[PDB]
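Asks: Input: one structure, supplied below.
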Amino acid sequence: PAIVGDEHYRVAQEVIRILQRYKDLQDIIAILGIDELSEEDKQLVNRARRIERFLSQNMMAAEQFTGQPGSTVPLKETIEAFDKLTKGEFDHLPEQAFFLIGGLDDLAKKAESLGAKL
Amino acid sequence: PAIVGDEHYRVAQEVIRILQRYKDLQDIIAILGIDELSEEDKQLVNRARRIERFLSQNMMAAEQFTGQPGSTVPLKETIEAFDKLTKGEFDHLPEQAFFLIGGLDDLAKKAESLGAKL
Amino acid sequence: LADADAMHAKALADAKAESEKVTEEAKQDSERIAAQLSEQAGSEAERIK
Amino acid sequence: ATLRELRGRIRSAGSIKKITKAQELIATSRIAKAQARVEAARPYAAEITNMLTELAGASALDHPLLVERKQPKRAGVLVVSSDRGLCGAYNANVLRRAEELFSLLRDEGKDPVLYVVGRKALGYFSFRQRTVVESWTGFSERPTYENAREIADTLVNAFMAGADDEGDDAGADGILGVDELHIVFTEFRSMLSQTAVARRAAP
Amino acid sequence: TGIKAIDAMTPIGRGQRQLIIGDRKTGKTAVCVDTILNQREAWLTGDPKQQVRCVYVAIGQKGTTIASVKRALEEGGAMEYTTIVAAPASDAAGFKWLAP
Amino acid sequence: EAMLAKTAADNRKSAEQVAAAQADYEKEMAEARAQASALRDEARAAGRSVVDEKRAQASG
Amino acid sequence: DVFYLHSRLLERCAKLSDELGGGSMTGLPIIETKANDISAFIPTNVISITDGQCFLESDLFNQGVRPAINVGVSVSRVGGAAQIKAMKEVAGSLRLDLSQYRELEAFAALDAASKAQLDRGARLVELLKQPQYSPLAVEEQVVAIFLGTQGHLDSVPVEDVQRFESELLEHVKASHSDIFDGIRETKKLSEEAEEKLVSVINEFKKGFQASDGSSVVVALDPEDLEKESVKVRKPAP
Amino acid sequence: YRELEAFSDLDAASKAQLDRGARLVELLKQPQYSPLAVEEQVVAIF
Ligand SMILES: Nc1ncnc2c1ncn2[C@@H]1O[C@H](COP(=O)(O)OP(=O)(O)OP(=O)(O)O)[C@@H](O)[C@H]1O
Ligand SMILES: [Mg+2]
């Protein structure tokens, strides 16, 4: 928090906590799937899957592979977007809406193309 | 049985059997939960948890690590108490009543402090 | 009905009294907190010097 | 310690595997038991349907249970879920269909009034903080006609109490009721297909 | 040490060896540096029966990491009662073996 | 008839009004508590501002 | 002789007798494990030399448990002798209680006693969290652990525990500062000091807000919607 | 018996196998320093 600010640190720590809980629950999920978890854990797992997909990005150097131009996300937008994710503001969007995109505008466009409205 | 006598040997063997079965069921309980065990298995698990707690003892040399003075349990009392435990005569007490105590009197006092009755 | 009216009036009066008391206590706590934090800041400034 | 940990995990996974295979076979037998119960219940249902048909064909259709209400704004919904959890997505599918029905009722400007069967739906709605007017649990495995009679009695009493209600006022009844009864439950299409469905039971 | 989790559950006395053991980036250096900094009041008392003199031995550490530790000690005033024995990564194996 | 109706209304209103008085007590308690918490929060925020200001000045 | 290398190094950290001046040297050796393998050669060597260990986890660190002390495995071999009387009194069996709580939480992953144990353990875990560069004086630590183990956090929600603690400590620092003075000077918590602290806690609970503000004192397609009907043998009227 | 050891709503044959296996397992047990003559073993196994 000294260097990157209090909100950056808080959002990063919440993302890390959610992903750590998902990693812990992988043992149960590999056998029984998601449906044996509690409601809190089910919600957290959905949030974590969306978060891990949203950490991916269409890179500039990846265009040669996929043909898709890369994206740049300002740090402030990244912090805002992951704060919204950690609070469950995008839980209704499908998981693939968060995959290989840039900021929140890309998220809206891809969700709309899939069928969900942000 | 020849050296320690039939009662001591039988009680020890029954304790060992219960603990072995509990060890076998531990992972089942961890993954699928305890509600999916049979009634006999659930009863055995309750008994085994109480037995393992009651095998612990407030040791004389451990006071510096707990502040609690130690206790000494005569062999006859130990055999009697573990016979009762294996028979299920203390299943009505919380398992926390069995943690770091001496003989049966200490068990009764701690159960009273926890609201249970022995 | 009479008992309920009396009990309600008493409860409301006691609520007002307790609200005043807690508010003034909170004001005193805030004053002491400000004083202590000012002392702590002064110590920090001396350390910087 | 890597090898020791892996060996412990192998033993744990073997135990889980044995338990799951046993439970699968037990569920296979339980499916036959449940189908036998459905078959046993078939004839009474068919014949009582015939009796109702005759009575309706020889009487006037003025029963409040049979006539809708005007500008309805309350529909009772009974969500039938399980008690144990080792079912794959049964409870999730039931609750998703219930949510679809709730959205549909919201479209019709009607606030759903929730009744629940089974513990899993209780947990779901408690997490969502949605109120449950009444709940019955502990028989989803082997429901008897006693439980169904109690549930239907409660729902019908609520629906009747909804006749005199005005706005949010209970009215002459003294208790607020509902204008509709829907049932959300899983329909046993076949051994392979099990579909959650919403079915308006009244009016 | 000023850390509840340690002072309450794994208390450290004077003359004791307490091992801080864990994977990388788990907070080991943070715990040790916090412990060193906590002795500031004891030092300010001026009573040698209460004062604690700290020695921070850095073995095989990156030079800028040791500089960061020294800066943290400076800011908290600990550097007055602290000595750093530095054997950075660039040093020969002899210094790394010998520093403790 | 008016006496009986008024008595039924009296029982109902007295019960609901006792409940309402208790709820109003709790509401006043919550409002006063929130006021106290807000005073403490703003006081500590002002203190933090003062310490930051004076530390910055000392550094300069 | 790699074990000897560290054994002769760490054995020089001692507490001298009065005849040698009563000086002391406390050692805080650090050991890095790989993939949480305390069974590696050097970690096992050192663990068998020192007087206890604080074992830190990446898993606990990521969960927000910071410092990431693994309570079950971490121990001090001096124990109460390395604590002041008040800390001993309040933290007498905290580590053992937390170990039992972790065991139960894994088991219960339920009677009233188990619920109470889980609640208290969650509150204690919250209490032991601490930011970096935020030392707590021994008296403040004593008061915090007193909040924890004496059951004064049971009414407080888990998510607020930390905040509660801080606020309460601030309160005791702003007013009733003689509690800290007494603990620091006498190295123990007097019975009347304990009573004053309990009264202060109970009073402060009146003015504390939880996260929710609570008091701590004490569309389906209509066609798919199948419709029940009554069969009637009549001409369409 | 070891196949069925994971399991009561079974076939009559399965229940009989389970009970028989439990009895056989209990039969194969033996205390220390207690060797049996071959004929006694034959009768017990019978
Ligand atoms: N109590 C704490 N609360 C929050 N962050 C902490 C805490 N302790 C340490 N950290 C942070 O965790 C990270 C790792 O800390 P630290 O450098 O002390 O760990 P380490 O185990 O010594 O690491 P390394 O492997 O780099 O030597 C740093 O960002 C430090 O700021
Ligand atoms: Mg380090």
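Within each chain, counting starts at residue 1; across the structure tokens, chains are named A, B, ... in the order shown, with ligands numbered 1 upward in that order.
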Using only C-alpha atoms, I'd like every residue of chain B that has an atom within 10 Å of chain A; please write them out as a PyMOL selection string.

Replies: chain B and resi 30-33

Asks: Show me which residues line ligand 1, defined as having an atom within 7 Å of a ligand atom where only C-alpha atoms and all ligand atoms count, and present them as a list in words.

Replies: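 Listing the residues within 7 Å of ligand 1 gives residues 22, 23, 24, 25, 26, 27, 28, 29, 30 and 31 of chain E; 66, 67, 130, 131 and 132 of chain G.
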
Asks: Skipping near chain neighbours, those fewer than 6 positions away, what residues fall within 8 Å of residue 18 (chain H) using only C-alpha atoms, listed as a PyMOL selection string?

Replies: chain H and resi 1+4-5

Asks: Tell me, as an MDAnalysis selection string, which residues lie within 10 Å of residue 105 (chain A), counting only C-alpha atoms; anything in the same chain fewer than 5 positions away does not count.

Replies: chainID A and resid 110:111 118

Asks: Quick one: residues within 7 Å of residue 136 (chain G), only C-alpha atoms, excluding same-chain residues fewer than 4 positions away - as a ChimeraX atom specification?

Replies: /E:2-3 /G:140-141

Asks: Export N, CA, C and O atoms of the chosen residues as a short mmCIF file (atom, residue, chain, number, x, y, z; two decimals), in the first residue's frame?

Replies:
```cif
data_model
loop_
_atom_site.label_atom_id
_atom_site.label_comp_id
_atom_site.auth_asym_id
_atom_site.auth_seq_id
_atom_site.Cartn_x
_atom_site.Cartn_y
_atom_site.Cartn_z
N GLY E 2 6.44 -7.23 18.83
CA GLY E 2 5.36 -6.37 18.42
C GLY E 2 4.30 -7.04 17.58
O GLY E 2 3.35 -6.37 17.16
N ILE E 3 4.44 -8.34 17.33
CA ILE E 3 3.52 -9.09 16.49
C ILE E 3 2.71 -10.01 17.39
O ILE E 3 3.28 -10.87 18.07
N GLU G 140 -0.76 -3.33 24.79
CA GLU G 140 -1.82 -3.34 23.79
C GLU G 140 -2.08 -4.76 23.30
O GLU G 140 -3.23 -5.14 23.08
N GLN G 141 -1.02 -5.55 23.11
CA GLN G 141 -1.20 -6.94 22.74
C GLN G 141 -1.97 -7.70 23.81
O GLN G 141 -2.83 -8.53 23.51
#
```

Asks: Just the residues within 9 Å of region 19-27 of chain H, please, counting only C-alpha atoms, with nothing from its chain fewer than 2 positions along; format it as a list in words.

Replies: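 That gives residues 1, 2, 14, 15, 16, 17, 29, 30, 44 and 45 of chain H.
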
Asks: Just write the chosen residues, N, CA and C atoms, as a PDB file, in the first residue's frame.

Replies:
```
ATOM      1  N   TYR H   1     -16.488 -61.164  -0.709  1.00  0.00           N
ATOM      2  CA  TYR H   1     -16.731 -60.332   0.461  1.00  0.00           C
ATOM      3  C   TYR H   1     -16.007 -59.001   0.342  1.00  0.00           C
ATOM      4  N   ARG H   2     -14.770 -59.023  -0.152  1.00  0.00           N
ATOM      5  CA  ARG H   2     -14.037 -57.777  -0.329  1.00  0.00           C
ATOM      6  C   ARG H   2     -14.616 -56.947  -1.466  1.00  0.00           C
ATOM      7  N   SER H  14     -26.183 -61.457  -2.586  1.00  0.00           N
ATOM      8  CA  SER H  14     -25.165 -60.515  -2.134  1.00  0.00           C
ATOM      9  C   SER H  14     -25.144 -60.405  -0.614  1.00  0.00           C
ATOM     10  N   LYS H  15     -26.318 -60.335   0.015  1.00  0.00           N
ATOM     11  CA  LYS H  15     -26.369 -60.286   1.471  1.00  0.00           C
ATOM     12  C   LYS H  15     -25.777 -61.549   2.083  1.00  0.00           C
ATOM     13  N   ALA H  16     -26.106 -62.708   1.512  1.00  0.00           N
ATOM     14  CA  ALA H  16     -25.546 -63.958   2.003  1.00  0.00           C
ATOM     15  C   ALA H  16     -24.033 -63.975   1.846  1.00  0.00           C
ATOM     16  N   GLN H  17     -23.530 -63.481   0.713  1.00  0.00           N
ATOM     17  CA  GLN H  17     -22.089 -63.405   0.513  1.00  0.00           C
ATOM     18  C   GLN H  17     -21.444 -62.509   1.557  1.00  0.00           C
ATOM     19  N   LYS H  29      -9.176 -65.682  12.064  1.00  0.00           N
ATOM     20  CA  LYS H  29      -8.396 -65.099  13.143  1.00  0.00           C
ATOM     21  C   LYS H  29      -7.906 -66.188  14.091  1.00  0.00           C
ATOM     22  N   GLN H  30      -6.855 -65.863  14.849  1.00  0.00           N
ATOM     23  CA  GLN H  30      -6.202 -66.864  15.676  1.00  0.00           C
ATOM     24  C   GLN H  30      -5.315 -66.179  16.698  1.00  0.00           C
ATOM     25  N   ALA H  44     -12.728 -76.492  11.606  1.00  0.00           N
ATOM     26  CA  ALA H  44     -13.099 -75.082  11.701  1.00  0.00           C
ATOM     27  C   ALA H  44     -13.464 -74.515  10.334  1.00  0.00           C
ATOM     28  N   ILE H  45     -12.658 -74.822   9.317  1.00  0.00           N
ATOM     29  CA  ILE H  45     -12.958 -74.358   7.970  1.00  0.00           C
ATOM     30  C   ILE H  45     -14.244 -74.992   7.467  1.00  0.00           C
TER      31      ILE H  45
END
```

Asks: I'd like the superposed chain B, fitted onto chain A by least squares over all Cα atoms in order, as a short mmCIF file (atom, residue, chain, number, x, y, z; two decimals) with C-alpha atoms, in the first residue's frame.

Replies:
```
data_model
loop_
_atom_site.label_atom_id
_atom_site.label_comp_id
_atom_site.auth_asym_id
_atom_site.auth_seq_id
_atom_site.Cartn_x
_atom_site.Cartn_y
_atom_site.Cartn_z
CA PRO B 1 -0.16 0.39 -0.03
CA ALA B 2 2.62 2.96 0.39
CA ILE B 3 3.81 2.79 -3.23
CA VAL B 4 0.71 1.76 -5.21
CA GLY B 5 -1.94 3.18 -2.89
CA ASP B 6 -4.64 1.68 -0.71
CA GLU B 7 -7.17 0.95 -3.46
CA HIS B 8 -4.76 -0.85 -5.79
CA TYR B 9 -3.26 -2.87 -2.94
CA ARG B 10 -6.64 -3.87 -1.52
CA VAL B 11 -8.02 -4.92 -4.91
CA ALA B 12 -4.91 -6.97 -5.67
CA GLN B 13 -5.02 -8.67 -2.27
CA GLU B 14 -8.70 -9.52 -2.69
CA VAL B 15 -8.04 -10.97 -6.14
CA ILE B 16 -5.22 -13.07 -4.69
CA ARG B 17 -7.44 -14.30 -1.86
CA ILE B 18 -10.22 -15.30 -4.25
CA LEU B 19 -7.79 -17.13 -6.53
CA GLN B 20 -6.19 -18.93 -3.58
CA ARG B 21 -9.59 -20.10 -2.33
CA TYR B 22 -10.53 -21.24 -5.84
CA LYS B 23 -7.25 -23.17 -6.07
CA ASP B 24 -8.09 -24.86 -2.77
CA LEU B 25 -11.59 -25.78 -3.98
CA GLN B 26 -10.52 -26.98 -7.44
CA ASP B 27 -9.98 -30.63 -6.50
CA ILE B 28 -13.18 -30.71 -4.44
CA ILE B 29 -15.05 -29.50 -7.51
CA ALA B 30 -13.27 -32.05 -9.69
CA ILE B 31 -14.20 -35.04 -7.52
CA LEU B 32 -17.43 -34.19 -5.69
CA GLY B 33 -18.68 -31.61 -8.20
CA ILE B 34 -19.50 -27.97 -7.64
CA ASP B 35 -23.05 -28.55 -6.37
CA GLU B 36 -21.70 -29.82 -3.03
CA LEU B 37 -20.04 -26.49 -2.24
CA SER B 38 -21.74 -23.90 -0.08
CA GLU B 39 -23.53 -20.95 -1.66
CA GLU B 40 -20.65 -18.70 -0.61
CA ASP B 41 -18.13 -21.13 -2.11
CA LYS B 42 -20.13 -21.39 -5.34
CA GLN B 43 -20.28 -17.60 -5.62
CA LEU B 44 -16.55 -17.41 -4.95
CA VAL B 45 -15.88 -20.02 -7.64
CA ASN B 46 -17.90 -18.09 -10.23
CA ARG B 47 -16.07 -14.89 -9.29
CA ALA B 48 -12.68 -16.61 -9.39
CA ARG B 49 -13.27 -18.11 -12.83
CA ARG B 50 -14.29 -14.71 -14.17
CA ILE B 51 -11.26 -13.11 -12.50
CA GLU B 52 -8.79 -15.60 -13.95
CA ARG B 53 -10.25 -15.15 -17.43
CA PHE B 54 -10.13 -11.36 -17.08
CA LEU B 55 -6.47 -11.50 -16.06
CA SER B 56 -5.82 -12.80 -19.57
CA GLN B 57 -5.37 -10.19 -22.28
CA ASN B 58 -5.04 -10.00 -26.05
CA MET B 59 -1.38 -9.03 -26.25
CA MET B 60 0.09 -6.83 -28.96
CA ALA B 61 2.86 -9.35 -29.71
CA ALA B 62 0.41 -12.29 -29.69
CA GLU B 63 -1.46 -11.24 -32.84
CA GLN B 64 0.58 -13.62 -34.99
CA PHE B 65 -0.69 -16.42 -32.73
CA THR B 66 -4.35 -15.33 -32.67
CA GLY B 67 -4.93 -12.87 -35.53
CA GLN B 68 -6.59 -10.59 -32.96
CA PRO B 69 -4.96 -7.16 -32.50
CA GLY B 70 -3.75 -6.43 -28.99
CA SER B 71 -5.11 -4.05 -26.38
CA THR B 72 -3.78 -1.83 -23.60
CA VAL B 73 -5.69 -1.29 -20.35
CA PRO B 74 -4.86 1.78 -18.21
CA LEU B 75 -4.01 1.03 -14.59
CA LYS B 76 -6.98 2.97 -13.22
CA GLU B 77 -9.36 0.98 -15.42
CA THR B 78 -7.71 -2.28 -14.37
CA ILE B 79 -8.11 -1.48 -10.68
CA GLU B 80 -11.72 -0.42 -11.16
CA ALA B 81 -12.64 -3.48 -13.22
CA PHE B 82 -11.08 -5.93 -10.79
CA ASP B 83 -12.75 -4.16 -7.87
CA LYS B 84 -16.06 -4.69 -9.66
CA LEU B 85 -15.19 -8.34 -10.33
CA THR B 86 -14.30 -9.01 -6.70
CA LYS B 87 -17.56 -7.35 -5.64
CA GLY B 88 -19.53 -9.66 -7.93
CA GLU B 89 -20.89 -6.97 -10.25
CA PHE B 90 -20.23 -9.04 -13.40
CA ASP B 91 -21.45 -12.43 -12.17
CA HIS B 92 -24.35 -12.18 -14.63
CA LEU B 93 -22.04 -12.41 -17.65
CA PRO B 94 -20.75 -15.69 -19.10
CA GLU B 95 -17.14 -16.37 -18.19
CA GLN B 96 -16.34 -16.62 -21.91
CA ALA B 97 -17.01 -12.88 -22.13
CA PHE B 98 -13.86 -12.25 -20.06
CA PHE B 99 -11.43 -14.21 -22.24
CA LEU B 100 -8.71 -12.26 -24.08
CA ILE B 101 -10.19 -8.77 -23.92
CA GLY B 102 -8.95 -5.36 -22.87
CA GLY B 103 -10.83 -3.13 -20.46
CA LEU B 104 -14.47 -2.83 -19.50
CA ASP B 105 -15.62 -1.60 -22.92
CA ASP B 106 -14.23 -4.73 -24.56
CA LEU B 107 -16.00 -6.78 -21.89
CA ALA B 108 -19.30 -5.08 -22.69
CA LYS B 109 -18.87 -5.60 -26.43
CA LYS B 110 -17.95 -9.27 -26.08
CA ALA B 111 -20.81 -9.87 -23.65
CA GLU B 112 -23.17 -8.32 -26.20
CA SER B 113 -21.76 -10.58 -28.91
CA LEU B 114 -22.53 -13.51 -26.57
CA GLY B 115 -26.03 -12.21 -25.79
CA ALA B 116 -25.26 -10.93 -22.29
CA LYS B 117 -25.61 -7.28 -21.28
CA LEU B 118 -23.16 -5.07 -19.40
#
```

Asks: Which residues of chain D are close to chain G, meaning at most 9 Å apart when you count only C-alpha atoms, and how do they look as an mmCIF file with C-alpha atoms, in the first residue's frame?

Replies:
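And here's result_32.cif as it stands now:
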```cif
data_model
loop_
_atom_site.group_PDB
_atom_site.id
_atom_site.type_symbol
_atom_site.label_atom_id
_atom_site.label_comp_id
_atom_site.auth_asym_id
_atom_site.auth_seq_id
_atom_site.Cartn_x
_atom_site.Cartn_y
_atom_site.Cartn_z
ATOM 1 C CA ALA D 1 7.866 -36.287 1.529
ATOM 2 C CA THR D 2 6.453 -35.893 -1.977
ATOM 3 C CA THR D 49 -59.193 -37.354 -12.683
ATOM 4 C CA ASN D 50 -62.081 -39.280 -14.236
ATOM 5 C CA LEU D 52 -63.455 -34.860 -11.358
ATOM 6 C CA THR D 53 -64.235 -34.855 -15.078
ATOM 7 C CA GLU D 54 -67.662 -36.369 -14.450
ATOM 8 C CA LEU D 55 -68.467 -34.000 -11.593
ATOM 9 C CA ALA D 56 -67.416 -30.950 -13.613
ATOM 10 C CA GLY D 57 -69.443 -32.148 -16.592
ATOM 11 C CA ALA D 58 -72.430 -32.426 -14.250
ATOM 12 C CA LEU D 66 -61.339 -22.718 -10.606
ATOM 13 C CA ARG D 97 -36.106 -22.821 -13.123
ATOM 14 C CA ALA D 98 -37.570 -21.241 -9.993
ATOM 15 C CA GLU D 99 -35.595 -18.075 -10.738
ATOM 16 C CA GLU D 100 -36.910 -18.096 -14.305
ATOM 17 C CA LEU D 101 -40.448 -18.332 -12.932
ATOM 18 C CA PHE D 102 -39.732 -15.490 -10.505
ATOM 19 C CA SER D 103 -38.592 -13.320 -13.412
ATOM 20 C CA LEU D 104 -41.715 -14.247 -15.379
ATOM 21 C CA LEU D 105 -43.934 -13.305 -12.437
ATOM 22 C CA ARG D 106 -42.055 -10.016 -12.113
ATOM 23 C CA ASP D 107 -42.885 -9.407 -15.772
ATOM 24 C CA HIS D 182 -47.127 -22.819 -9.258
ATOM 25 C CA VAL D 197 -40.475 -27.585 -14.997
ATOM 26 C CA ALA D 198 -42.799 -24.928 -13.614
ATOM 27 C CA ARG D 199 -46.447 -26.000 -13.521
ATOM 28 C CA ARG D 200 -49.248 -23.653 -12.461
ATOM 29 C CA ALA D 201 -51.307 -25.737 -10.041
ATOM 30 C CA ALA D 202 -53.977 -23.083 -9.420
ATOM 31 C CA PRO D 203 -56.280 -21.568 -10.384
#
```

Asks: Please return, as a ChimeraX atom specification, all residues of chain H lying within 8 Å of chain D when only C-alpha atoms are considered.

Replies: /H:6-7,9

Asks: For the selection you just gave me, I'd like the residues written to a file as a PDB file, in the first residue's frame, keeping C-alpha atoms.

Replies:
```pdb
ATOM      1  CA  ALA H   6     -18.399 -51.240   0.544  1.00  0.00           C
ATOM      2  CA  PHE H   7     -22.073 -52.100   1.148  1.00  0.00           C
ATOM      3  CA  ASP H   9     -30.598 -53.204  -0.245  1.00  0.00           C
TER       4      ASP H   9
END
```

Asks: Once DSSP has gone over the backbone, tell me which residues of chain B are in helix (DSSP H, G or I), as a PyMOL selection string.

Replies: chain B and resi 6-32+34-36+39-55+60-66+75-87+95-98+104-113

Asks: Take the selection from the previous step and output its residues with C-alpha atoms, as a PDB file, in the first residue's frame.

Replies:
```pdb
ATOM      1  CA  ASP B   6      -7.632 -59.558  29.777  1.00  0.00           C
ATOM      2  CA  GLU B   7      -9.510 -56.338  30.551  1.00  0.00           C
ATOM      3  CA  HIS B   8      -6.613 -53.985  29.818  1.00  0.00           C
ATOM      4  CA  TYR B   9      -5.698 -55.835  26.632  1.00  0.00           C
ATOM      5  CA  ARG B  10      -9.275 -55.934  25.349  1.00  0.00           C
ATOM      6  CA  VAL B  11      -9.878 -52.244  26.035  1.00  0.00           C
ATOM      7  CA  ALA B  12      -6.625 -51.273  24.328  1.00  0.00           C
ATOM      8  CA  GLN B  13      -7.410 -53.422  21.293  1.00  0.00           C
ATOM      9  CA  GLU B  14     -10.900 -51.943  20.995  1.00  0.00           C
ATOM     10  CA  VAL B  15      -9.481 -48.420  21.211  1.00  0.00           C
ATOM     11  CA  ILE B  16      -6.983 -49.283  18.478  1.00  0.00           C
ATOM     12  CA  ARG B  17      -9.723 -50.742  16.277  1.00  0.00           C
ATOM     13  CA  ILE B  18     -11.908 -47.652  16.663  1.00  0.00           C
ATOM     14  CA  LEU B  19      -9.002 -45.328  15.883  1.00  0.00           C
ATOM     15  CA  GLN B  20      -8.015 -47.391  12.835  1.00  0.00           C
ATOM     16  CA  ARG B  21     -11.567 -47.259  11.482  1.00  0.00           C
ATOM     17  CA  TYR B  22     -11.715 -43.510  12.111  1.00  0.00           C
ATOM     18  CA  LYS B  23      -8.420 -43.092  10.261  1.00  0.00           C
ATOM     19  CA  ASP B  24      -9.887 -45.019   7.330  1.00  0.00           C
ATOM     20  CA  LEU B  25     -13.026 -42.848   7.316  1.00  0.00           C
ATOM     21  CA  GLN B  26     -11.221 -39.514   7.725  1.00  0.00           C
ATOM     22  CA  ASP B  27     -10.801 -38.782   4.008  1.00  0.00           C
ATOM     23  CA  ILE B  28     -14.357 -39.891   3.246  1.00  0.00           C
ATOM     24  CA  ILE B  29     -15.574 -37.406   5.845  1.00  0.00           C
ATOM     25  CA  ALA B  30     -13.306 -34.707   4.421  1.00  0.00           C
ATOM     26  CA  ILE B  31     -14.596 -35.042   0.856  1.00  0.00           C
ATOM     27  CA  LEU B  32     -18.162 -36.369   1.031  1.00  0.00           C
ATOM     28  CA  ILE B  34     -19.930 -37.095   7.598  1.00  0.00           C
ATOM     29  CA  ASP B  35     -23.652 -37.222   6.778  1.00  0.00           C
ATOM     30  CA  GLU B  36     -23.006 -39.813   4.047  1.00  0.00           C
ATOM     31  CA  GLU B  39     -25.312 -44.674  11.454  1.00  0.00           C
ATOM     32  CA  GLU B  40     -22.780 -47.180  12.775  1.00  0.00           C
ATOM     33  CA  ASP B  41     -19.941 -45.280  11.103  1.00  0.00           C
ATOM     34  CA  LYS B  42     -21.197 -41.956  12.472  1.00  0.00           C
ATOM     35  CA  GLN B  43     -21.386 -43.409  15.979  1.00  0.00           C
ATOM     36  CA  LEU B  44     -17.882 -44.820  15.574  1.00  0.00           C
ATOM     37  CA  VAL B  45     -16.598 -41.431  14.408  1.00  0.00           C
ATOM     38  CA  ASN B  46     -18.068 -39.664  17.436  1.00  0.00           C
ATOM     39  CA  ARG B  47     -16.568 -42.296  19.726  1.00  0.00           C
ATOM     40  CA  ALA B  48     -13.183 -42.108  17.993  1.00  0.00           C
ATOM     41  CA  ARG B  49     -12.993 -38.324  18.248  1.00  0.00           C
ATOM     42  CA  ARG B  50     -13.792 -38.495  21.947  1.00  0.00           C
ATOM     43  CA  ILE B  51     -11.231 -41.284  22.397  1.00  0.00           C
ATOM     44  CA  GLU B  52      -8.450 -39.385  20.656  1.00  0.00           C
ATOM     45  CA  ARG B  53      -9.146 -36.283  22.726  1.00  0.00           C
ATOM     46  CA  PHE B  54      -9.203 -38.329  25.934  1.00  0.00           C
ATOM     47  CA  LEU B  55      -5.838 -39.882  25.077  1.00  0.00           C
ATOM     48  CA  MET B  60       3.188 -32.119  34.547  1.00  0.00           C
ATOM     49  CA  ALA B  61       6.107 -30.879  32.435  1.00  0.00           C
ATOM     50  CA  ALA B  62       3.790 -29.072  29.993  1.00  0.00           C
ATOM     51  CA  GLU B  63       2.602 -26.440  32.481  1.00  0.00           C
ATOM     52  CA  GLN B  64       5.113 -23.898  31.174  1.00  0.00           C
ATOM     53  CA  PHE B  65       3.462 -24.330  27.759  1.00  0.00           C
ATOM     54  CA  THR B  66      -0.150 -24.150  28.980  1.00  0.00           C
ATOM     55  CA  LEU B  75      -4.068 -47.347  35.393  1.00  0.00           C
ATOM     56  CA  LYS B  76      -7.312 -48.823  36.725  1.00  0.00           C
ATOM     57  CA  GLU B  77      -9.115 -45.538  36.116  1.00  0.00           C
ATOM     58  CA  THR B  78      -7.637 -45.290  32.619  1.00  0.00           C
ATOM     59  CA  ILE B  79      -8.831 -48.779  31.704  1.00  0.00           C
ATOM     60  CA  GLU B  80     -12.293 -48.127  33.128  1.00  0.00           C
ATOM     61  CA  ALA B  81     -12.675 -44.758  31.404  1.00  0.00           C
ATOM     62  CA  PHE B  82     -11.599 -46.068  28.013  1.00  0.00           C
ATOM     63  CA  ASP B  83     -13.895 -49.070  28.398  1.00  0.00           C
ATOM     64  CA  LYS B  84     -16.737 -46.617  28.971  1.00  0.00           C
ATOM     65  CA  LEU B  85     -15.650 -44.545  25.965  1.00  0.00           C
ATOM     66  CA  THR B  86     -15.533 -47.573  23.672  1.00  0.00           C
ATOM     67  CA  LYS B  87     -18.983 -48.600  24.914  1.00  0.00           C
ATOM     68  CA  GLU B  95     -15.688 -33.686  22.495  1.00  0.00           C
ATOM     69  CA  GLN B  96     -14.109 -30.508  23.880  1.00  0.00           C
ATOM     70  CA  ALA B  97     -14.817 -31.884  27.360  1.00  0.00           C
ATOM     71  CA  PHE B  98     -12.196 -34.596  26.757  1.00  0.00           C
ATOM     72  CA  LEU B 104     -13.147 -39.237  34.935  1.00  0.00           C
ATOM     73  CA  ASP B 105     -13.578 -36.599  37.654  1.00  0.00           C
ATOM     74  CA  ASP B 106     -11.790 -34.032  35.495  1.00  0.00           C
ATOM     75  CA  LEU B 107     -14.036 -35.064  32.608  1.00  0.00           C
ATOM     76  CA  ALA B 108     -17.137 -34.478  34.726  1.00  0.00           C
ATOM     77  CA  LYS B 109     -15.908 -31.083  35.914  1.00  0.00           C
ATOM     78  CA  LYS B 110     -14.990 -29.904  32.416  1.00  0.00           C
ATOM     79  CA  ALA B 111     -18.287 -31.169  31.002  1.00  0.00           C
ATOM     80  CA  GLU B 112     -20.084 -29.192  33.705  1.00  0.00           C
ATOM     81  CA  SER B 113     -18.076 -26.091  32.798  1.00  0.00           C
TER      82      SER B 113
END
```

Asks: If you count only C-alpha atoms, which residues fall within 10 Å of residue 176 (chain G), apart from same-chain ones fewer than 5 positions away, as a ChimeraX atom specification?

Replies: /G:171,181,196-197,200

Asks: Could you please select, counting only C-alpha atoms, the residues of chain E within 10 Å of chain G and state them as an NGL selection string?

Replies: :E and (1-35 or 37-38 or 41 or 48-49 or 52-57 or 72 or 76 or 97 or 100)
